[PDB]
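*Asks:* This is the structure I have questions about; it appears just below.
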Amino acid sequence: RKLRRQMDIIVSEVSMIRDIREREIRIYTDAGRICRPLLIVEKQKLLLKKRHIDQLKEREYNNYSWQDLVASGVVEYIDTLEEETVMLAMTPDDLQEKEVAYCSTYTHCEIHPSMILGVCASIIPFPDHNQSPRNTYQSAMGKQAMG
Amino acid sequence: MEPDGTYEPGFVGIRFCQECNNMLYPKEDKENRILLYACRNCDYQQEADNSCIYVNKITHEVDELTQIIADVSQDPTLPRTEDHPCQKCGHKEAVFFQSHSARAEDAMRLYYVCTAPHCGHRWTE
Amino acid sequence: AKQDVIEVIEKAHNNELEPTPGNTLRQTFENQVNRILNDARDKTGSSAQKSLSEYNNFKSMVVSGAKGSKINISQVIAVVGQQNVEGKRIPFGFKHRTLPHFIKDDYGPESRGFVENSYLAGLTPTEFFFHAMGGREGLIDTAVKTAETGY
Amino acid sequence: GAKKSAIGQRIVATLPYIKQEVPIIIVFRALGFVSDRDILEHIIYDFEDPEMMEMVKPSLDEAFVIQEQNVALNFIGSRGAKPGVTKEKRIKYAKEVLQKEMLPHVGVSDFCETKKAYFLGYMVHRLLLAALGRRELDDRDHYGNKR
Amino acid sequence: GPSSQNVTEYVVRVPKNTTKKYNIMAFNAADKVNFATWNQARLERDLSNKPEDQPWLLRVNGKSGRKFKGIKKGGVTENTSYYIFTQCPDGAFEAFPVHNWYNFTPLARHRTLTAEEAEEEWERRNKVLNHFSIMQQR
Amino acid sequence: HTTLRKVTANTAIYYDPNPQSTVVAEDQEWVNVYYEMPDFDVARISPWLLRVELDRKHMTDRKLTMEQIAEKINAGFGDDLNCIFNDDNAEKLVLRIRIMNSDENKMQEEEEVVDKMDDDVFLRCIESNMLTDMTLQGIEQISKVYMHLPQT
Ligand SMILES: [Zn+2]
Ligand SMILES: [Zn+2]
């Protein structure tokens, strides 16, 4: 993993999973796996610090980029098979307050929870105050509108 | 000679043929009235060690004693309980989980694996 | 209600619990937690029904018998309630979990189904997704049932 | 009939371009590992558990009719191909199928014929685990198992 | 002594070209082979049923002695190398290349059940109904 | 529909051709209990021993007796299945089974048309049939459920 954070093997590519109770290590580098970016947390706290943010503000006149952000190793790519074995905090807030609230073994954190939505579902505002199939009819109709 | 107790004689399959390296089957000596084990594909024969040749079911070897390797303690998605004292090591922070598997023993009984050294000890409560 | 569920989990882990006749221990545990979360839901719904002022437009549509039912008022005002697929609580789609956000083996009402919030308060992210699972059952059933009755 | 009271362990194998189901043990014979201890080593590298040993045993019992690689090859040839009293060609063609057609991801030549034997054996092991039930039955629609 | 404290240091040589190819002969430990009880051996390529690609045939002592089959490993190494470190009468080390890796396995002196007869047919009839007698009728 | 398979904790097959010196020294007094049981053809009956252990909890629910089970199996299979049983005065319950043969005719005439499979192997088919087919108080085929209800 340390090598992956350092990019001696391609992030977006290699998936690497250990199934402890079976003593197996599966690694995947085939095309076609669905994966998403997540923040790394370490020693019960987030590894990304606000100084990385100040470089991102700096991008308005600097070469610093999302790829540099991946090069800090503060974010990782996680496919669905690997996502099964991570302990994933919902939001920096929850990972912070924690003491005896739930657990302290987290390994990743969500860059923002509303990202679980697909393209058309994001147009619809307060989607969580709606009854769930109501959101599905809007995703069809929004795609149906003109402009 | 009592109703209470246990019986784990340690079943035996392999002690395969030494001459051709194949599986042994029980067989009779009607002349000595003694069990023998013979390879079917050769003349090799050898005396048995136990009078048992086969067993089936056990109503519950609950089989908590094995399978679950101590390494399971490393998994971050498994809960750390503050419930203390690995009965062996003077340290808390047991990892626990229920049962797993499909014969999951309808049991809901927690299985505890200490994660500290000075043991690697498994126990149930 | 939530504290009482934790009491039932503790009774189950302690192995102090015994099965009801004609059923297994999981089915009994599941029957018991389901009885607690529904009873919680109905008590709180009945509370919300009690609080409605008589001027309220919402109470006038249900009481007239124009559209929607008493249960809709509950969900809007008090609590959405349990989510469920094929009848039972949200299955462990992952290895012994529902979402990676939870810890392995968490039968507690939130990690497995039951949403605390009302449609007015908004659903937390996980609550939101489990709700969409329960809403999908309703979408699929409409399409499948439509074909079969047709035949 | 009175075979042994419970056929629920007679493990067979489909293979590509084979007109008839064959028991896994023939394939192992065809890989050349005549030694029953060796086949048992490929199937389950923990012969310490009596229950696994009993689970395979009736599949071993079936194996006795064929006890050499060539004839076992003549079995797979005739069970798989069009009729051909040539015997030896039936063996060579079948030899090439085992080389080329079966688990091709594990290899495509003689020089990696051993590697295939472990992997086929791993499937029987992976199957026996489920058959003991100490192993979950694998979902039909888990996204980790999609491309 | 070595049981308490010891240090040794020997130069390592590599000859520019060996006068012979160096190969590996591996056995299963389960066969517990002891060369102490070998007195003669023959080693020849099985070739008649169809050379340097062909499997090995190992024939120990006389015809009645044990016979083994030697199978060639696909390659010595795929990204490395294997070398033999040997002690020389001068007190140095000498290192030799591996040219081939061969797997050697046991074979029965006389077993042979054969399926060519009608064993396959008996299988059609197989209700697990016999076992010893078929071995006798042979 | 309760099958013997539901009640059974475990089964074991032993080679014990000498009851008077049984392979389980602890089992030895029950053999003392049975010596008047056809002592002449113990030289004729088979030497293979089947031993079964039963769950006390299943046995309590079905409120059975060991003599009911023994009478059920003997009746079901026939005279060939020679049964004896342990004392009721224990929390555990075990049953010891041997097979009798056809006695007089087994003198090896032509070749004894059985094709000479081992008698034990015949015993596993006995145990198979014994688990699945035996229907103590299992008066029918209603799977295995039965749920009692009080209606007000
Ligand atoms: Zn042998
Ligand atoms: Zn400990």
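Chain labels follow the order of the structure tokens: the first chain is A, the next B, and so on; residue numbering restarts at 1 in every chain, and ligands are counted from 1 in their shown order.
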Report as a PyMOL selection string which protein, DNA and RNA residues come within 12 Å of ligand 1, using only C-alpha atoms and all ligand atoms.
*Replies:* (chain B and resi 15-25+37-46) or (chain D and resi 35-37) or (chain E and resi 107-112)
*Asks:* Please dump the current selection as a compact mmCIF listing (two decimals), in the first residue's frame; keep C-alpha atoms.
*Replies:*
```txt
# COMPACT_ATOMS: atom_id res chain seq x y z
CA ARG B 15 -1.76 -43.60 6.78
CA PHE B 16 -2.09 -44.22 3.09
CA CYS B 17 -0.19 -47.03 1.37
CA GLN B 18 3.56 -46.69 1.85
CA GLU B 19 4.41 -48.86 -1.15
CA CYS B 20 2.52 -46.99 -3.88
CA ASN B 21 1.24 -43.88 -2.09
CA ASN B 22 -2.52 -44.44 -2.32
CA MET B 23 -5.51 -44.59 0.05
CA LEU B 24 -5.98 -47.43 2.56
CA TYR B 25 -9.26 -49.20 3.31
CA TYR B 37 -5.63 -51.92 6.30
CA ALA B 38 -4.91 -52.73 2.68
CA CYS B 39 -4.29 -50.76 -0.48
CA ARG B 40 -6.78 -51.92 -3.09
CA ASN B 41 -4.37 -51.66 -6.00
CA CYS B 42 -1.60 -53.81 -4.55
CA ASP B 43 -0.88 -56.77 -2.25
CA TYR B 44 0.28 -54.51 0.60
CA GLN B 45 -1.36 -55.09 3.97
CA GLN B 46 -0.69 -53.77 7.47
CA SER D 35 -0.60 -40.64 -6.54
CA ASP D 36 -3.80 -40.37 -4.55
CA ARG D 37 -1.92 -38.68 -1.76
CA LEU E 107 6.03 -44.69 -9.93
CA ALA E 108 4.73 -48.12 -8.88
CA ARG E 109 6.94 -51.14 -9.62
CA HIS E 110 3.86 -53.09 -10.71
CA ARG E 111 0.29 -51.90 -10.36
CA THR E 112 -1.61 -51.31 -13.63
```
*Asks:* Could you give me the residues within 7 Å of ligand 2, counting only C-alpha atoms and all ligand atoms, as a list in words?
*Replies:*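 Counting only what the definition allows, namely only C-alpha atoms and all ligand atoms, the set is residues 85, 86, 87, 88, 89, 90, 91, 114, 115, 116, 117, 118, 119, 120 and 121 of chain B.
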*Asks:* Let me see the file: selected residues, N, CA and C atoms, as a compact mmCIF listing (two decimals), in the first residue's frame.
*Replies:*
```txt
# COMPACT_ATOMS: atom_id res chain seq x y z
N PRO B 85 -9.56 -7.94 30.23
CA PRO B 85 -8.74 -9.09 30.64
C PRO B 85 -8.71 -10.34 29.75
N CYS B 86 -7.74 -10.45 28.85
CA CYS B 86 -7.65 -11.70 28.09
C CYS B 86 -7.37 -12.66 29.23
N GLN B 87 -8.22 -13.65 29.42
CA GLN B 87 -8.04 -14.48 30.60
C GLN B 87 -6.56 -14.83 30.81
N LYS B 88 -5.79 -14.86 29.72
CA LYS B 88 -4.37 -15.17 29.82
C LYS B 88 -3.55 -13.91 30.09
N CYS B 89 -3.46 -13.03 29.09
CA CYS B 89 -2.69 -11.80 29.22
C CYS B 89 -3.42 -10.75 30.04
N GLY B 90 -2.66 -9.98 30.82
CA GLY B 90 -3.22 -8.89 31.60
C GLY B 90 -3.55 -7.65 30.77
N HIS B 91 -4.26 -7.84 29.66
CA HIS B 91 -4.59 -6.74 28.76
C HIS B 91 -6.01 -6.80 28.20
N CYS B 114 -8.54 -12.00 21.72
CA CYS B 114 -7.74 -10.89 22.24
C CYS B 114 -6.82 -10.39 21.14
N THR B 115 -6.49 -9.10 21.14
CA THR B 115 -5.60 -8.60 20.10
C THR B 115 -4.20 -8.26 20.60
N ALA B 116 -4.08 -8.06 21.90
CA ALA B 116 -2.78 -7.91 22.54
C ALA B 116 -1.92 -9.16 22.38
N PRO B 117 -0.59 -9.00 22.43
CA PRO B 117 0.33 -10.14 22.58
C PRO B 117 0.18 -10.82 23.95
N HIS B 118 1.22 -11.51 24.42
CA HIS B 118 1.16 -12.28 25.68
C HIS B 118 -0.01 -13.28 25.69
N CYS B 119 -0.47 -13.66 24.49
CA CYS B 119 -1.53 -14.66 24.32
C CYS B 119 -1.84 -14.98 22.85
N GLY B 120 -2.72 -14.19 22.24
CA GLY B 120 -3.29 -14.54 20.95
C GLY B 120 -4.40 -15.54 21.23
N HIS B 121 -4.95 -15.44 22.44
CA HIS B 121 -5.84 -16.45 23.01
C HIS B 121 -7.29 -16.25 22.59
```
*Asks:* Need to verify the contact set: residue 90 of chain F, 9 Å, only C-alpha atoms, exclusion of same-chain residues closer than 5 positions in sequence. Can you return it as a VMD selection string?
*Replies:* chain B and resid 2 to 4
*Asks:* How about saving the chosen residues, N, CA and C atoms kept, as an mmCIF file, in the first residue's frame?
*Replies:*
```cif
data_model
loop_
_atom_site.group_PDB
_atom_site.id
_atom_site.type_symbol
_atom_site.label_atom_id
_atom_site.label_comp_id
_atom_site.auth_asym_id
_atom_site.auth_seq_id
_atom_site.Cartn_x
_atom_site.Cartn_y
_atom_site.Cartn_z
ATOM 1 N N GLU B 2 -19.445 -43.224 33.431
ATOM 2 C CA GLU B 2 -20.493 -42.268 33.783
ATOM 3 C C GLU B 2 -21.100 -41.629 32.534
ATOM 4 N N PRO B 3 -22.406 -41.311 32.589
ATOM 5 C CA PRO B 3 -23.113 -40.546 31.554
ATOM 6 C C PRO B 3 -22.375 -39.274 31.124
ATOM 7 N N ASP B 4 -21.865 -38.520 32.097
ATOM 8 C CA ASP B 4 -21.136 -37.275 31.832
ATOM 9 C C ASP B 4 -19.713 -37.533 31.333
#
```
*Asks:* Just need the residues of chain C within 12 Å of chain F, counting only C-alpha atoms, so spit them out as a PyMOL selection string.
*Replies:* chain C and resi 20-24
*Asks:* Export C-alpha atoms of the chosen residues as a PDB file, in the first residue's frame?
*Replies:*
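That gives us result.pdb:
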```pdb
ATOM      1  CA  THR C  20     -39.870 -19.121  20.994  1.00  0.00           C
ATOM      2  CA  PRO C  21     -41.564 -22.456  20.122  1.00  0.00           C
ATOM      3  CA  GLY C  22     -41.705 -23.260  16.394  1.00  0.00           C
ATOM      4  CA  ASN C  23     -38.793 -20.988  15.475  1.00  0.00           C
ATOM      5  CA  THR C  24     -35.021 -20.550  15.479  1.00  0.00           C
TER       6      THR C  24
END
```
*Asks:* Would you mind listing, as an MDAnalysis selection string, all residues of chain D that have at least one atom within 6 Å of chain E, where only C-alpha atoms are what counts?
*Replies:* chainID D and resid 3 65:66 111
*Asks:* How would the residues just picked look written out with N, CA and C atoms as an mmCIF file, in the first residue's frame?
*Replies:*
```
data_model
loop_
_atom_site.group_PDB
_atom_site.id
_atom_site.type_symbol
_atom_site.label_atom_id
_atom_site.label_comp_id
_atom_site.auth_asym_id
_atom_site.auth_seq_id
_atom_site.Cartn_x
_atom_site.Cartn_y
_atom_site.Cartn_z
ATOM 1 N N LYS D 3 -25.568 -48.243 -2.740
ATOM 2 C CA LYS D 3 -24.243 -47.824 -3.193
ATOM 3 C C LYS D 3 -23.328 -47.482 -2.025
ATOM 4 N N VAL D 65 -11.659 -47.225 -11.438
ATOM 5 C CA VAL D 65 -11.757 -47.802 -12.777
ATOM 6 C C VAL D 65 -10.640 -47.347 -13.735
ATOM 7 N N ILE D 66 -10.045 -46.190 -13.473
ATOM 8 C CA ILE D 66 -8.999 -45.663 -14.347
ATOM 9 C C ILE D 66 -7.781 -45.297 -13.508
ATOM 10 N N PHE D 111 4.851 -26.284 -20.342
ATOM 11 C CA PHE D 111 5.751 -25.689 -19.353
ATOM 12 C C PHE D 111 5.063 -25.032 -18.143
#
```
